[PDB]
Peer 1: 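Have a look at this one before I ask anything.
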Protein chains: 2
Amino acid sequence: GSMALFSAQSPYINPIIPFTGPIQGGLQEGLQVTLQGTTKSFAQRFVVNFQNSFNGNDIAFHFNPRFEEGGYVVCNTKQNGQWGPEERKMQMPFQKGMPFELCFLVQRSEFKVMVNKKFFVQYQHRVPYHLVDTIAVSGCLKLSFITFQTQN
Amino acid sequence: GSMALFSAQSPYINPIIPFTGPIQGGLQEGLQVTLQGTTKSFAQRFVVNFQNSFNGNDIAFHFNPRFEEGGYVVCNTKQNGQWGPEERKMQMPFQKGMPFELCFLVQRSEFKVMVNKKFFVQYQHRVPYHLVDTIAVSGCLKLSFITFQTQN
């Protein structure tokens, strides 16, 4: 709970960072992509990208925690190799050397992002989400698994 | 051989069927769960379930030999009380009234299943395996022991 959830595809178990893998069928409404991992002890930044294809030219949603200037998270979109206007959440919900549950929920108008079961940010779709078929994870973290679940 | 193996937990010796017991720490990669037993002389079916908790609502892997319509084995997953698509191995590697060695090996992407030291089926993880902390065995069999071993 509070929702019943079903595997939408097989989990990636102990993925090695940097990780690039498919989201099979592309992102769909109601999908929860959950990353369970550990922020490194001397982390500077990490990145979770939801993107069309392996190139990283088109990133629907770039999630970029930065342990800099007090701690903040950047959310942005990249189109045809070009970054849009950043959305800076002036708070750091991750902690160096500590385990986290990072969950991305795909609604029709926005992504909702949960860190450790608590709501952290919303990010409104700038481009269509069904065109995302790739998750790329890199930077100062370790991961223990990634799950893909739906309410259907 | 061909591998050196170490107890990952104490064996269950002469467990009484139906049997429900813990997998301590949950399933982990490289674990071999070995059931040594006897198929009854008038067996219809038996079941080995790897599940989260005692309720049987969430069965990561359901292993269900059926001495029906020529003999076949069902492998399936149950989530939130709901069965997924079955995987039917159209072969029966058990024999009525006869002893068997049933061995389940946990790899990162799949379970490998050995019957009598020979490979029988593979079953790809539909849900994470570390969440399994319970083995449930029931149906038309007797067991002499269950072992849990790792290569570590």
Side-chain angles (χ1 to χ4, degrees), chain A residues 1-39 48 98-106 114-117 133-137 141-152, chain B residues 8 23-33 49-63 74-87 89 104-113 121-134 148 150-152:
Chain A
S2 64
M3 65 306 166
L5 294 169
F6 299 86
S7 283
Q9 77 184 65
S10 286
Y12 297 117
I13 286 151
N14 284 313
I16 298 308
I17 273 67
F19 174 82
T20 301
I23 303 151
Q24 287 161 205
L27 287 183
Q28 305 297 308
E29 180 191 7
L31 188 66
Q32 306 190 6
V33 185
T34 311
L35 296 73
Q36 175 77 52
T38 313
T39 302
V48 177
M98 297 294 290
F100 63 75
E101 203 205 82
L102 171 56
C103 175
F104 299 89
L105 169 55
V106 190
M114 320 293 286
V115 182
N116 295 319
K117 282 150 199 316
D133 62 9
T134 304
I135 194 189
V137 184
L141 81 171
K142 178 218 153 173
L143 279 185
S144 83
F145 63 89
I146 307 171
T147 58
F148 304 79
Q149 300 177 298
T150 174
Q151 282 194 321
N152 307 120
Chain B
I23 303 151
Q24 287 161 205
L27 287 183
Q28 305 297 308
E29 180 191 7
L31 188 66
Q32 306 190 6
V33 185
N49 290 333
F50 292 92
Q51 45 180 77
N52 315 181
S53 99
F54 67 92
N55 43 244
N57 293 325
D58 293 278
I59 298 168
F61 176 30
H62 168 82
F63 185 83
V74 169
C75 307
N76 203 354
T77 289
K78 195 202 265 156
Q79 295 171 69
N80 317 301
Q82 306 194 243
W83 287 118
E86 294 187 345
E87 287 169 41
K89 183 60 176 296
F104 299 89
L105 169 55
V106 190
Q107 301 189 9
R108 192 163 298 185
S109 306
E110 65 270 296
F111 287 99
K112 306 274 224 209
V113 183
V121 288
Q122 109 243 102
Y123 186 76
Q124 198 235 22
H125 302 305
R126 293 180 191 181
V127 295
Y129 61 76
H130 66 94
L131 289 177
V132 174
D133 62 9
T134 304
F148 304 79
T150 174
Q151 282 194 321
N152 307 120

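Per chain, numbering begins at 1; letters A, B, ... match sequence-line order. Side chains included, hydrogens not; waters and symmetry mates left out as well; all remaining heavy atoms used.
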Peer 1: What heavy-atom pair brings B/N80 and A/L5 nearest, and what distance separates the two atoms?
Peer 2: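 Answer, listing the atom of B/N80 first, then A/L5: ND2-O, 2.7 Å.
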Peer 1: Please round to the nearest 0.5 Å and tell me the distance separating atom CZ of B/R108 and atom CG of A/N14.
Peer 2: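 That separation rounds to 4.5 Å.
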Peer 1: Can you tell me which portion of B/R126 sits under 4.5 Å from chain A's heavy atoms? Options are side chain, backbone, both or neither.
Peer 2: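 It is the backbone, since no side chain atom gets that close.
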Peer 1: Chain B heavy atoms under 4.5 Å from A/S7: which part of the residue, side chain, backbone, both or neither?
Peer 2: both
Peer 1: Closest heavy-atom contact between B/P128 and A/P11?
Peer 2: N-CG, 3.9 Å
Peer 1: Rounded to the nearest 0.5 Å, what separation is found between the CD atom of B/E110 and the CD1 atom of A/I13?
Peer 2: 10.0 Å
Peer 1: For A/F6 versus B/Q79, what's the shortest heavy-atom pair and its separation?
Peer 2: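 Heavy atoms only, the tightest pair is CA-OE1, 3.3 Å.
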Peer 1: Checking heavy atoms, do the side chain of A/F145, its backbone, both or neither come under 4.5 Å from chain B?
Peer 2: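 Side chain only.
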